[PDB]
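# Close look at the chain arrangement
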Amino acid sequence: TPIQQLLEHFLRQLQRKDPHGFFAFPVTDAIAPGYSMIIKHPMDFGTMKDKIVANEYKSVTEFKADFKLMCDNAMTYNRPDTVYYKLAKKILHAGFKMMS
């Protein structure tokens, strides 16, 4: 709760970095063939937004590790030459710079 306002600002800042909405909603097997076979713990901005309001983040560290989980997934699923992989590598770095 002393962190909620801060995590909301973090969330907003990070989505501003994904203007296409790539990271907005969970990825499904129909959009991304074999995804649930390859990716064990999915995560997305919309899920993170809910966790914040449900008071599920107990520390900035848990928050950050969701964001990182989300980017590691994308880098793991999508091949290095895609716009998906690249965006994930950029916003991961740029996002951790902002939160650290």
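Check the entry above for the structure.
## Focus on helix α3 (residues 45-53)
- Every buried residue of α3 is accounted for by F45, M48 and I52. The arc that holds every buried residue of α3, seen down its axis, measures 60 degrees, which confines them to one face. Summarising the geometry of α3, the exposed residues directed more than 90 degrees from the buried face are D50 and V53.
- At its buried positions, α3 is contacted by α1 (4-16) and α4 (60-77).
- Downstream of α3 by one or two residues, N55 has phi in the positive range, about 55 degrees.

## Some points on a nonpolar patch on the surface
- A grouping of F22, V83 and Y84 is seen on the molecular surface, where their side chains present a nonpolar patch of about 280 Å² in accessible area.
- Residue position: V83 is located in helix α5 (residues 83-99).

## Observations concerning the pattern of salt bridges
- Under the definition given, this model contains 2 salt bridges.
- Between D66 and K51 there is a salt bridge whose closest N-O contact spans 2.9 Å. A residue pair is termed long-range when its members are at least 10 positions apart, and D66 in helix α4 and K51 in helix α3 qualify at 15 residues.
- With a shortest N-O distance of 3.0 Å, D72 and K68 are connected by a salt bridge. One end of the pair, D72, and the other, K68, are both in helix α4, 4 residues apart, so they sit about a helical turn from each other.
- Given a relative accessible area of 36%, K68 falls into the partly exposed group.

## Here's the deal with α4
- Taking 1.5 Å per residue, 18 residues should reach 26 Å; α4 reaches 26 Å between its end C-alpha atoms and fits that length.
- Of the residues making up α4, those classed as buried are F63, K64, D66, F67, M70, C71, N73 and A74.
- Buried residues along α4 sit against α1, α2 (35-38), α3 and α5.

## Quick notes on the nonpolar core
- Counting 21 residues, the largest nonpolar core has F23, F45, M48, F63, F67 and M70 as the members making the most contacts within it.
- Elements represented by at least two residues in this core include exactly α1, α3, α4 and α5.
- Once you skip the residues sitting within four places of it in the chain, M48 turns out to touch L11, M43, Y57, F63, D66 and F67.

## Topic: the environment of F67
- Tracing the sequence through the fold places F67 in helix α4.
- Between the C-alpha atoms of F67 and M48, which are 19 residues apart in sequence, the distance is 8.1 Å.
- Those residues in contact with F67 that lie beyond four places of it in its chain are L14, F45, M48, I91, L92, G95, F96 and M99.

Rules behind the numbers
Residues numbered from 1 in each chain as written, not as in the entry; some residues may be left out. Heavy atoms only, no water. Buried < 20%, exposed > 50% of the residue type's maximum accessible area, 1.4 Å probe, protein only. Helix = DSSP H or I, 4+ residues; strand = E, 2+ residues; numbered from the N terminus. Arc of directions from axis to C-beta. Contact = heavy atoms within 4.5 Å. Patch = residues over 30% accessible without salt bridge, like charges linked within 9 Å, V, L, I, M, F, W, Y side chains within 5 Å. Areas by Shrake-Rupley, 256 points an atom, 1.4 Å probe, with all protein chains shown as cover. Salt bridge = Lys/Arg side-chain N within 4 Å of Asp/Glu carboxyl O. Expected span 1.5 Å × (residues − 1). Core = buried A, V, L, I, M, F, W, Y, C linked by side-chain atoms within 4.5 Å.

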